[PDB]
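For the sequence shown, the deposited numbering assigns the number -14 to the initial residue and increments by one for each residue that follows.
C-beta: ideal position from N, C-alpha, C; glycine also.
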Amino acid sequence: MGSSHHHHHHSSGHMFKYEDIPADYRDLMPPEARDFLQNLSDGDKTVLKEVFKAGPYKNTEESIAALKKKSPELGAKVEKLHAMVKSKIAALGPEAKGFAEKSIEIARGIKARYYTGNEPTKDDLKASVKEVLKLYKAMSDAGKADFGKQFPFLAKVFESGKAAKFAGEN
């Protein structure tokens, strides 16, 4: 008698799959930030949530550090990825930089709560891009265009309104 006569698996079955994310929204994220969850598999995904649910991190480098401790290579995998991103945001002006290191915080948070097991509903993602538009619409034109140099892929979908049709137009 016992739980053996009940369902099996409860805390070892749920696993984030990048293929299960609303593809409309995966279109709204940079290809570089996709390559990672293209290549990243179950075993490593498992440890992301350990870093996330522990925290807290005033910066992503703390998470990179935590990842280097828990999964050495994985920390390097996220490092190189985030480093490139930083290199571009480094080339970004104050206005667009403020948007970058805040909109990505939203976008990353979505696929970060995918890691944790707190999978967002379809309407949660709307909220995500909604604020990036709330910010991006409010930026000065020159700053909006300058964001298109450091992150052309995102500027693309923002100008075309692809993200707009996702948020419900800001």
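Considering only residues of the same chain and omitting the five flanking positions on each side of residue i, which have a CB-CB separation below 7 Å?
i     : result
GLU80 : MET124, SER125, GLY128
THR45 : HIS67
What residues in its chain sit with their C-beta under 6 Å from that of residue i, if we drop five residues either side in the sequence?
i       : result
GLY133  : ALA140
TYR10   : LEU110
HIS(-1) : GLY102
Let's test the definition: count the other Cβ atoms within 10 Å of the Cβ of residue i and tell me whether it reaches 16, buried, or not, exposed.
i        : result
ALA18    : buried
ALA152   : buried
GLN135   : buried
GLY60    : buried
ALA148   : buried
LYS96    : buried
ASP27    : exposed
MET(-14) : exposed
Specify, as a first and last residue, the run of the alpha helix (DSSP H) that residue i falls within.
i      : result
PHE136 : No alpha helix (DSSP H) contains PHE136, which DSSP labels as neither H nor E.
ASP5   : Neither: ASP5 is in no alpha helix (DSSP H) and is coded neither H nor E.
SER88  : 79 to 97
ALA152 : 149 to 152
Give the DSSP-derived three-state secondary structure of residue i in the structure shown.
i        : result
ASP12    : coil
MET69    : helix
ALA123   : coil
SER(-3)  : coil
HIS(-8)  : coil
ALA76    : coil
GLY102   : coil
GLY(-13) : coil
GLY146   : coil
query = Taking the runs of the alpha helix (DSSP H) that are 4 residues or longer, which of them lie wholly in the region 23 to 61?
reply = DSSP runs (the alpha helix (DSSP H)) wholly in the region 23 to 61: 27 to 39, 45 to 55.
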